[PDB]
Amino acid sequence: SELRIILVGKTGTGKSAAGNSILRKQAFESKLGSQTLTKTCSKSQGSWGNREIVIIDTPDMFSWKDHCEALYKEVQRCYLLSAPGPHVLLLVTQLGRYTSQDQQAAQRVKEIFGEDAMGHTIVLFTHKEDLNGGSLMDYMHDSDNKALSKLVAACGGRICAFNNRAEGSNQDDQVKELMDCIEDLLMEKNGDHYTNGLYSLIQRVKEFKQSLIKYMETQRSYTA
């Protein structure tokens, strides 16, 4: 009966902080670019009015470019902790600052989780306070960022804004807006979570590794 959220996106966009805003506590550690990067998954637990909310905060290593060996066993761990599948993938971007590294992070989500995990993805904009009480929809309508338009469209126009430093009632207000989207998206899905061939495999570490390499390979075969 729980709700499963997986935080994804470029490093330093504010997803760990986003997890904290949603759960309304000190769950994951926010951190500057100066700090040491995470190689391991972290999970946390909360609730939003009779529904238990479960968040999985993926490591920064997921976004890394070249060969990292510790990647495969941590993708298995991320899959095992989100089993049997996430209801929502939460792609976190900084408002007004969507770059190549962001497009690249959005690619890795597709590569790892599946090309249609985007149909269970909501785009979360951080630094909401830069709108100055302005509409997030109106800012998106008048955006010249062509690559962000692609990502939002692939996510079915589902967008949201967060000020991760907001406290008290202002925090509830913005989290409700997200909880509205989740609710609306889940209605489109009839309460279903996202699953793939890899979640089915999880009902050892070697067989998953081999199955994950093959899966990721296929997801790149579409992108041609």
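Quick note: we count residues from 1 along the sequence shown, nothing fancier. The term rigid core refers to the maximal set of C-alpha atoms that superpose within 1.5 Å between the two forms.
When the other structures are laid on the shown form by the rigid core, the stretch among 100-108 and 134-142 with the greater C-alpha deviation in 4 other deposited structures of this protein turns out to be 134-142. Once the structures in 4 other deposited structures of this protein are superposed via the core, the pair 37-45 and 153-161 is resolved in favour of 37-45 as the more displaced stretch (C-alpha RMS). Coordinates are lacking for 10 or more deposited residues between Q203 and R204. Higher average CA B factor: 65-73, of the stretches 40-48 and 65-73. In this entry, 181-189 has the higher mean Cα B-factor, the comparison being between 181-189 and 51-59. Across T121, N132, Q94, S82, the greatest Cα temperature factor reported in the deposited entry is at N132. Out of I112, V152, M137, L90, the entry records its largest CA B-factor for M137. Among the modelled residues of the chain, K209 sits in the highest third by CA temperature factor in this PDB entry. Sorting the modelled residues of the chain by their CA temperature factor places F28 in the lowest third.
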